[PDB]
Amino acid sequence: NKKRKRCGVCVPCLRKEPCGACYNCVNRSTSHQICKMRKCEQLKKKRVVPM
DNA sequence: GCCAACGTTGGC
DNA sequence: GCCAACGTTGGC
Ligand SMILES: [Zn+2]
Ligand SMILES: [Zn+2]
């Protein structure tokens, strides 16, 4: 399998804008990570199978 | 080829 | 167990 996709239906997924104040917003360049308020609740769970 | 952002690792 | 850094890659 490949990388998982956002679920689109949890609160973080339904969020319209980045929060602007978390570690990932402030350091967008070094982290490569989505805003911590936008991270999908499903994707915070570790994979059922590796790649 | 770019870019948003997942997967994995490892330092704490 | 948490979380930042890096390499990566799906979609464009
Ligand atoms: Zn944020
Ligand atoms: Zn979600």
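Each chain gets a letter, A, B and so on, in the order the sequences are listed, and its residues count up from 1.
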Output the rounded distance in Å from [atom1] ([X]) to [atom2] ([N]).
X       : N      : atom1 : atom2 : value
A/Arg4  : B/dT8  : CZ    : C1'   : 12 Å
A/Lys5  : C/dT8  : NZ    : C1'   : 14 Å
A/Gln42 : B/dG7  : CD    : P     : 12 Å
A/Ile34 : C/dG10 : CD1   : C1'   : 15 Å
A/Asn1  : C/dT9  : CG    : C1'   : 14 Å
A/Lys45 : B/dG7  : NZ    : P     : 14 Å
A/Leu43 : B/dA5  : CG    : P     : 11 Å
A/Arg15 : B/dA5  : CZ    : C1'   : 17 Å

When you measure from the side chain of [X], which nucleotide among [options] comes out closest?
X       : options              : answer
A/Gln33 : C/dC3, C/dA5, B/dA5  : C/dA5
A/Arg47 : C/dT9, C/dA4, B/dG7  : B/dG7
A/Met51 : B/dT8, C/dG11, B/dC6 : B/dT8
A/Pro50 : C/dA5, B/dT8, B/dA5  : B/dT8

I want to check something: taking the side chain as every heavy atom from C-beta on, are [X] and [Y] in contact at a cut-off of under 4.5 Å?
X       : Y       : answer
A/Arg47 : A/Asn1  : yes
A/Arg4  : A/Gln42 : no
A/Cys25 : A/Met37 : no
A/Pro12 : A/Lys39 : no

Is [X] close enough to [N] that one of its side-chain N or O atoms is under 4.0 Å from OP1 or OP2 there?
X       : N     : result
A/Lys39 : B/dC6 : yes
A/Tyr23 : C/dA5 : yes
A/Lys44 : B/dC6 : no
A/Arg38 : B/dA5 : yes

* Structure fact -> Value for NZ (A/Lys3) from CG (A/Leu43), rounded to nearest 0.5 Å, stands at 11.0 Å

* Kindly confirm whether the side-chain ring of A/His32 is stacked on the base of B/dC6, judged by centres under 5.5 Å and planes under 30°. => no

